[PDB]
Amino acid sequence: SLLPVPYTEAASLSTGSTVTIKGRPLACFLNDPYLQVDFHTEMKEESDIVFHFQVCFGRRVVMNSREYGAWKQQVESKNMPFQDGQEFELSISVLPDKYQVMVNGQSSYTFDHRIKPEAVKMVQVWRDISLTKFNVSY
């Protein structure tokens, strides 16, 4: 859609920040499209990832961090509020102790901070979606 994908934006986060994303999968769920949102420690795509959020639409969500180049403890959820063929609105709120992910207004995933959110310098949104809105509160 309107915004380029992969989408990369410099960003700063702290308690009270919200990252809001509006988009739509590029394929029906039967084709297992992905969505990925990564909060990076530098502008470079190979930099460490404070928060990795990966949806396989219709299947599961995996969350992790990538520290000194290595993936850490994967977390998995089978919660799937995303609807086949539909636009979604995804909100990621920075709470004192965790990220909270809302999908279409419903609390759907959380992820305890492994690294301070202040380490984030960049957000990348990519894989099999079109993107119409991306916003970071400041």
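Sequential numbering from 1, following the sequence displayed.
K.L.:
Look up the CA B-factors in the entry and say which stretch, 61 to 69 or 84 to 92, has the higher mean.
P.N.:
Per the PDB entry, the higher value belongs to 84 to 92.
K.L.:
Which has the higher mean CA temperature factor in the PDB entry, 119 to 127 or 6 to 14?
P.N.:
Here the higher of the two C-alpha B-factor means belongs to 6 to 14.
K.L.:
Between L30, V55, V50, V75, where does the Cα B-factor run highest in the record?
P.N.:
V75 has the highest C-alpha B-factor of those listed.
K.L.:
In terms of the chain's CA B-factor thirds, is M102 lowest, middle or highest?
P.N.:
Middle third of the chain for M102's C-alpha B-factor.
K.L.:
Lowest, middle or highest third: which one holds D38 when the chain's residues are ordered by CA B-factor from the entry?
P.N.:
Lowest third, going by the recorded CA B-factors of the chain.
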